[PDB]
Amino acid sequence: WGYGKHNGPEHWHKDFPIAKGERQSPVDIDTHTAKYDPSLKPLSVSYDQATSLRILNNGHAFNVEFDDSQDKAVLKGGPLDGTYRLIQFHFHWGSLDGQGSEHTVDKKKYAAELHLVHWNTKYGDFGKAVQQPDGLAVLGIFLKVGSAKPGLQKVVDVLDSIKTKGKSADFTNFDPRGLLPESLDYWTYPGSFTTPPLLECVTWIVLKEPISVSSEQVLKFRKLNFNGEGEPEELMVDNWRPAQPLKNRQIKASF
Ligand SMILES: [Hg+2]
Ligand SMILES: [Zn+2]
């Protein structure tokens, strides 16, 4: 599967029939139909003891991986019951600045979207959590082009080391707090992974506030490659899935 004409999102259903299921992601967040729900608790993001281990180009995005063998970087509160551990984050971006996010807001597409992936510790490990309707919680943050995000520069500088599919580089002591916006207001709905296997395991928490990155920071993302070393070069751009039908799910807003 991939993002091209012959293997991109509109073909995915042949190998992963859940693509056409009932709670697929991403979706358009219609701000006027989203229900303010005053029972939504504030999010609690405890990332101060986070341990990053490595960054990896896996052929469809680059992932920063974290040590999830103990409760070091956890998410709780908001719509969640329980503690969700951070296992990795990755981005989706476009070839141009006006596209790249997966989720849209009143049909507006942003330049990129960050997904911080967490699994529910009640289930023991990530592989068991992906068999559950509430096994994962993913935090989505929109990126728009403006001023440089200082906390993103460590990530941008290592990307040369992992240009092609399959390469990885050690990436310790990265603090994920530098990628957070000021406000933690959010929209939340039940959804899925946005890449194969597209399992319907995810409580999505999409933050209202975007972070800004500079044009030169997001340009470095665009130099990555989908291909492995020694294969023809295919630039890793537009690795995002289009919005899916909401199908009688309701988006709740914390604000
Ligand atoms: Hg699931
Ligand atoms: Zn993602």
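Some observations on this one:
- The alpha carbons of region 62-130 give a radius of gyration and a Dmax of 14.6, 41 Å, in that order.
- Pairwise FRET efficiency - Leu96 versus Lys14, Cβ, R0 = 30 Å, nearest 0.05: 0.55
- Inter-centroid distance (Cα atoms) of region 130-157 relative to region 1-79, Å: 9
- Two-site label geometry, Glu233 and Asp71: point separation in nm, points 7 Å out along Cα→Cβ: 4.8
- Packing-based order for 110-123, 163-176, 60-73, using average beta carbon neighbours within 10 Å, highest first: 110-123, 60-73, 163-176
- Helix-only arithmetic for the chain: the sum of -39500 (n - 2.57) across DSSP H runs with n ≥ 4, divided by the residue total, places the mean residue ellipticity at 222 nm at -1500 deg cm²/dmol.
- Protection-proxy order for peptides 147-160, 193-206, each taking the mean of Cβ atoms within 10 Å per residue, highest first: 193-206, 147-160
- Paramagnetic reach from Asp125 in region 67-105 [backbone N under 13 Å; point 7 Å along Cα→Cβ]: 68-69
- Here, P(r) means the percent of Cα pairs in each 5 Å bin from 0 to the largest distance; for the chain it is 1, 6, 13, 18, 21, 19, 14, 6, 1, 0, 0.
- In this structure, the residue pairs whose Cα-Cα separation is over 30 Å, taken from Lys72/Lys109; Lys20/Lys108; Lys76/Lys144; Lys5/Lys252; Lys14/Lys41; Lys35/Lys165, are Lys72/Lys109; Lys5/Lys252; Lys14/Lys41; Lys35/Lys165.
- In order through region 134-142: 3J(HN,Hα) via Karplus (6.51 cos²θ - 1.76 cosθ + 1.60), integer Hz, x for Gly, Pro: 10, x, 10, 10, 10, 9, x, 10, 7
- Distance in nm between pseudo-label sites at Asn173 and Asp106 (7 Å out along the Cβ direction from Cα): 4.4
Read-outs throughout are calculated quantities, based only on the coordinates presented, and are distinct from any laboratory measurement. All Cβ positions, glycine included, derive from the backbone under ideal geometry; neighbour counts span all protein chains shown.
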